[PDB]
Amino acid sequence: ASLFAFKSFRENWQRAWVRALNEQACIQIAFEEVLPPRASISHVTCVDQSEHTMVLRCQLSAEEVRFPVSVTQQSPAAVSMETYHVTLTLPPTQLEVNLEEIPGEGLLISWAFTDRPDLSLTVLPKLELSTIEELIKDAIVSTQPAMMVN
């Protein structure tokens, strides 16, 4: 929580979440660019505290987060691609952040939703949208991002 106040950490946090999201995607959906109008982490609690690790739980929420998503279709000797505008809203839901000290590398951070988040996102092209929504929802609900700090 003390690290969520540094701008540099928030950037990598989002950039790490986008990296994990694209991995699980492997039609093919991809999150292009990395910001949110309003976000908040609350009720930070320490469930476990080992000698070299630490497990935390908290409530995460964001409103009107906007990011592009690209749909890529591979075909005989060809690649097509169409990008969309996505607007997501995450109500307060619980995730578990896991910290682990790695010798010679830094501090490994990992997180994942503990329960299915009640997402409410919309998709609109940039000049079926229903299916693109479920692929994004399915990825966000399942991914367990990770990142290395120092």
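Numbers for residues come from their place in the sequence shown, where the first is 1.
- Unmodelled stretch separating residue 34 from residue 35: 1 to 3 residues (count of deposited-sequence residues without coordinates).
- Unmodelled residues of the deposited sequence between neighbouring positions residue 26 and residue 27 number 4 to 9.
- The PDB entry reports B-factors from which the mean C-alpha value can be compared for 49-57 and 118-126; the larger average falls on 49-57.
- Of the two segments examined, 141-149 and 1-9, it is 1-9 that shows the higher average Cα temperature factor in the deposited entry.
- By the numbers in the PDB entry, the CA B factor is greatest at 88 among 30, 108, 81, 88.
- Per the deposited record, the Cα B-factor of residue 70 falls in the lowest third when ranked against the other modelled residues of its chain.
- Placement of the Cα temperature factor of residue 95 within the chain: highest third of the modelled residues, per the deposited record.
- Looking at the C-alpha B-factors along this chain, the one for residue 41 belongs to the middle third.
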